[PDB]
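>>> please work out how this folds:
(chains A, B, C, D, E and F)
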Amino acid sequence: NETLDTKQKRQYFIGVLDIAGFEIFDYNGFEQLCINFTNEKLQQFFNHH
Amino acid sequence: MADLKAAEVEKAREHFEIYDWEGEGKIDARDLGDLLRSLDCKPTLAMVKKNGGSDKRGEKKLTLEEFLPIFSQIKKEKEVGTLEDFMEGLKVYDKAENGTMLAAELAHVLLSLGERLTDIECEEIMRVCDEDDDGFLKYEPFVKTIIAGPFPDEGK
Amino acid sequence: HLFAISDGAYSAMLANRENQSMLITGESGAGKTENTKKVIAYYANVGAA
Amino acid sequence: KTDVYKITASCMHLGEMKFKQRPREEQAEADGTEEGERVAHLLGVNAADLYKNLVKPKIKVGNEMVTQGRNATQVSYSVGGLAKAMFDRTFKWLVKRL
Amino acid sequence: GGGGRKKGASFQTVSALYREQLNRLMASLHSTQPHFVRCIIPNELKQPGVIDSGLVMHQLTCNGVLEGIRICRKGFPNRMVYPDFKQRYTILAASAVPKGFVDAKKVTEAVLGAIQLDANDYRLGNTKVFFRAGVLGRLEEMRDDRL
Amino acid sequence: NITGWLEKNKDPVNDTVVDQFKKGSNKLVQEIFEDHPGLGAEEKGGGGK
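Numbering: from 1, shown residues only, chains lettered A, B, ... in the order given. Let me share the structure:
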């Protein structure tokens, strides 16, 4: 980012979201709860928009 | 009706004689275009091909007796190109309507769209007209000079 | 088509000032990111100077 | 000739822009176009910008950017602001160009 | 000073650090004009060529895809602006409106009536015009035919 | 009378529109907007003076 940003401080900017899908497993810890939670919220980002 | 005054007949001739180099009493389906041009008409190539002239030299020759009907025909026509029809288009070329459009931007599009121009027809018209040291060619006086013609008050 | 998603967004942004975020949805099995490598490559083809 | 009057008369126009209370939020937008267009043409600014972006501008947050709709009175006031912006700048342009 | 923690982090654990991030991101996703692509799994056997329709049926209902198609038809997607007609389109249809500006709603019906669009593809309200799909970018195209 | 002066010594408008007015037409209408001599260019951040 150090080498490939050549123009700090300017707009405009655009985005492409990229994350997994519906994944589940046994040992919940700090990790897997993030994935399904964001898939849900991203459906909700659809609904509200 | 439409018809040609005697003065019109002599002008058509006066140029024709100079155009027919060979002396066949005849011009060519190309020459037809640049004749109407020098004679102070302005048809398109599409108009020439609407009425039987051409690109290439060496197919069909025409007489003045074929030319004067064609000359009488163009005399009926409305769709030549007005100031308005031009002022229409210039106003996408101003990135914010000043009059001062850009020389090289004009160049790219003249090569791209309409009938299509050459490298030569682009550079010649830019070099002929008002280049300021930024390059902001004024679309409207430019058009108005096209409407005026080849030689202004400086006979040059 | 993909390319036909991109151009629509772009000139809209250039007219109306609205920056944007494109978001791919799906579950785990379909094909999300797969597109994005081709989105980036295309965006460099238009984004080129 | 027409150009100095073009930039002068819009300032007579502008305050025609009638903002009105639509209480679901209070983000008013103004009831017309004529009032805005007789300004817009005389500047020859992008109409699609004016009547959107006056109520919804690209809010610079520090240095990044978040869109906002503005509330009724801020907009009325900013429009009255647009008139006082045009006249101040022009007479100062004019005295030097004189 | 500030009666709190200061050097190192605050007492901000991994969770708090990541939660700050987790707010900014979501907000900045709200700050933009979102565009969406929904993608469909064809089977779970990892099989190319094959597709199961029970899986597409169950997909369409849950992710609410049917509902999406249902809203695009009923809505009026683009709440944009009236003056955008007369300013730009003088070039297209010069004698659309004469000397006689009055109800701007009525002036605009006349200009858009000359270019033959009924007032239901572009919907009117009070301030703004709503554009259904194509309509604004058909107007753009109409100018940009001669252009 | 003093109540008000502050706003007459700060002058608050809308940025995005007068910046888009900078991108205006009609020559004279345009000139009225920028730095180079020094008139508008009127927001963003000249450093804090």
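>>> from now on I want contacts and neighbour counts done on CA atoms only, so please keep to that.
Noted.
>>> show me which residues of chain C sit near chain E.
C:18-27, C:29-32 (Cα under 8 Å from any Cα of the partner chain).
>>> next: chain D.
So chain D meets chain E at D:29-34, D:36-37, D:40-41, D:44, D:46-48, D:51-52, D:65-67 (Cα under 8 Å from any Cα).
>>> filter the residues you listed to keep only those in contact with chain C.
With Cα under 8 Å from any Cα as the criterion, the members of these in contact with chain C are residue D:48.
>>> for the residue in chain A that chain C sits nearest to, the count of nearby residues, please.
Distances from chain A to chain C, computed as Cα to the nearest Cα, single out residue A:21 as the nearest residue at 3.9 Å. Residues near residue A:21, counting by other Cα atoms under 10 Å in any protein chain shown, number 19.
>>> helix, strand, or coil at it?
In terms of secondary structure, residue A:21 is coil; the call rests on DSSP: H, G, I helix; E, B strand; the rest coil.
>>> now do the contacts for it.
Each residue near residue A:21 by Cα atoms under 8 Å, 6 or more residues apart in numbering or on different chains is listed here: A:35, A:36, A:39, C:26, C:27, C:28, C:29.
>>> picking up where we left off before, now, of the residues of chain D next to chain E, which are buried?
Applying a neighbour-count criterion of 16 or more other Cα atoms under 10 Å in any protein chain shown, the buried members of these are D:29-34, D:36-37, D:40-41, D:44, D:46-48, D:51-52, D:65-67.
>>> which of the contacts of residue A:21 fall within strands?
The strands, defined by DSSP state E, take in nothing from those.
>>> filter the residues you listed to the buried ones?
Neighbour counting over the contacts of residue A:21 (16+ other Cα under 10 Å) leaves A:36, A:39, C:26, C:27, C:29 as the buried ones.
>>> adding distance to residue B:90, write the residues you listed out as CSV.
Putting the buried ones among the contacts of residue A:21 into CSV (distance: Cα to Cα, whole Å) gives the following:
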residue, distance to residue B:90
A:36, 55
A:39, 51
C:26, 48
C:27, 51
C:29, 53
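>>> out of the residues you listed, flag the one nearest to residue E:31.
Compare each of the buried ones among the contacts of residue A:21 with residue E:31 using Cα to Cα and the shortest gap goes to residue A:39, at 19.5 Å.
>>> skip the chain neighbours and tell me the closest residue to that closest one.
The spatially closest residue to residue A:39, leaving aside those adjacent along the chain, is residue A:21, at 6.6 Å (Cα to Cα, 6 or more residues apart in numbering or on different chains).
>>> buried set for the one helix or strand residue F:19 maps to?
Assigned by DSSP states H and E, residue F:19 belongs to helix F:15-22. Buried residues in helix F:15-22, counted by 16+ other Cα under 10 Å: F:15, F:16, F:17, F:18, F:19, F:21, F:22.
>>> now do the helices in chain B.
For chain B, helices defined by DSSP state H occupy the ranges B:6-19, B:32-38, B:45-51, B:64-74, B:83-93, B:103-112, B:119-128, B:139-148.
>>> do you know how far the residue positioned nearest the centre of chain B is from residue A:49?
When Cα atoms, centre = their mean is applied to chain B, the residue found nearest the centroid is residue B:42 (4.5 Å). Plainly put, residue B:42 is 57 Å away from residue A:49 if you go by Cα to Cα, to the nearest Å.
>>> please apply the same query to residue B:115.
Plainly put, residue B:115 is 47 Å away from residue A:49 if you go by Cα to Cα.
>>> before we move on, the earlier item: and the helix holding residue F:19, anywhere near chain B?
No: where contact is defined by Cα under 8 Å from any Cα, no part of helix F:15-22 touches chain B; the two come within 10.0 Å at best.
>>> pull the residues that contact that helix.
Where contact means Cα under 8 Å, 6+ apart, the residues beyond helix F:15-22 that reach it are D:43, D:45-46, D:49-50, D:53-54, D:57-58, F:30, F:33-34, F:41-43.
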